[PDB]
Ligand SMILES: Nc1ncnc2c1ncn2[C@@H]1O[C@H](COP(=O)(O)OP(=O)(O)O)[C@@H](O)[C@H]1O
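One chain comes next, on its own, written as structure tokens: the form deposited without ligand ADP.
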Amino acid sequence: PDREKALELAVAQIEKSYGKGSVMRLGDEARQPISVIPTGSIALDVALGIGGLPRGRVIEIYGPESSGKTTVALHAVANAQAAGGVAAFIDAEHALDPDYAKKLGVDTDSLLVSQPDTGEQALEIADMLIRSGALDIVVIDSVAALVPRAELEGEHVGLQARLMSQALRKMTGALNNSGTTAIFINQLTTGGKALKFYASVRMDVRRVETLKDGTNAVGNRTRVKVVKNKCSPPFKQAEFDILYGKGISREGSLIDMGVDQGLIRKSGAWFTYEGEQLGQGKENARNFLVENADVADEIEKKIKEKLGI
């Protein structure tokens, strides 16, 4: 009717005065950027709409201890590097395991790392790295750990939030201008009040159940909810397996997402793909796909095309 135009108008004005993702129907298809940073899971890539993390924006990944949030962050680093990018890791937790990082695909040798003296030094160094123009990604581990100088020097209570707010204001312009993505890891959030609004993507990461091989724990089924998303309709969620000592089972996400799209049929325990059989049970289907990068890439190729991601 006459209203369909008045709404298009309203939406278009909102978009003009506030930016592309300022309002969306949840049912809308995403606006696909040139490049993004894939997450490691095609499921998580689809849930984000744009097929990975956006460039030049603030990302927040939060969840409990050992929930997988860091694992997600490292894959983002790995993929950024695989595409010839440079990565930085601002570390106030001192928890990183580079062997684990390596097995995911991170080029740890090339990884820039900084273990800052204070909260403000952490963000300042990060800001210097960003304004270089030379970075594709920088990870901050973590928000809770960004303790202010005054507190560290023993000098009121509330300025960590003020620190993040100050930092993000300056940093947000540098990231947009540089095309560098900043991932902020966060626990269940000192100055996460500011981060909540500056972030273009916020991901809630959690463990759903432990994966077992008979009696020993091969890994964890992980669940991520994209609670905030300026680059595509929000509130999507995905699941994927993080295997101990290996990381996110890419092959596992291809299968799962394959059967969801009807690219991979499932006559009982037997997963099939285009008349040929992938395996009986998920682990065989998974293992088959790492042994056969050809078909795994073809399945990945097909899923993207069907969804335009």
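Residue numbers run from 1 along the displayed sequence. So that the term is clear: the rigid core is the largest set of C-alpha atoms that superpose within 1.5 Å between two forms.
Put simply, when the other structures in 9 other deposited structures of this protein are lined up on the rigid core, the C-alpha atoms of 207 to 215 lie farther off than those of the other stretch, from 108 to 116 and 207 to 215. Looking at the other PDB entries for this protein, residue 189 is absent from the model in a third or more of those that include the residues around it.
The segment from residue 128 to residue 129 is modelled without interruption, since every residue of the deposited sequence in that interval carries coordinates. Gap between residue 155 and residue 156: 4 to 9 deposited residues without coordinates. Here 273 to 281 and 63 to 71 are compared by their mean Cα B-factor, and 273 to 281 comes out higher. Note on 101 to 109 vs 203 to 211: mean CA B-factor is higher in 203 to 211.
The entry lists C-alpha B-factors for 229, 190, 222, 79, and the highest of these is at 190. Considering 252, 52, 268, 56 together, the PDB entry gives 268 the largest C-alpha B factor. In the deposited entry, the Cα temperature factor of residue 183 places it in the lowest third of its chain's modelled residues. Sorting the modelled residues of the chain by their CA temperature factor places residue 248 in the middle third. For residue 159, the recorded CA temperature factor ranks within the highest third of the chain's modelled residues. Among the modelled residues of its chain, residue 140 has a C-alpha B-factor that falls in the lowest third according to the deposited record. The entry lists a Cα temperature factor for residue 27 that places it in the middle third of the chain's modelled residues.
One more form of this protein exists, namely the form deposited with ligand ADP bound; it is left out here, but the text below deals with it.
Residue heavy atoms within 4.5 Å of ligand ADP in the deposited complex occur in exactly one stretch of 145 to 153, 70 to 78, 83 to 91, 107 to 115, and that stretch is 70 to 78. Of the candidates 131, 228, 102, 207, 207 is the one whose heavy atoms come within 4.5 Å of ligand ADP in the deposited complex; the others do not. Comment: ligand ADP is not present in this chain, but in the deposited complex one of 274, 65, 28, 260 has a heavy atom within 4.5 Å of it, namely 65.
None of the heavy atoms of residue 160 is located within 4.5 Å of ligand ADP in the deposited complex. Interface membership of residue 281, defined by any non-hydrogen atom within 4.5 Å of ligand ADP in the deposited complex, is ruled out. Ligand ADP in the deposited complex comes within 4.5 Å of no heavy atom belonging to residue 166. Proximity of residue 213 to ligand ADP in the deposited complex: non-hydrogen atoms within 4.5 Å are absent; the residue sits far from the partner.
Contacts with ligand ADP in the deposited complex, taken as any heavy atom within 4.5 Å, map to no residue of 137 to 159.
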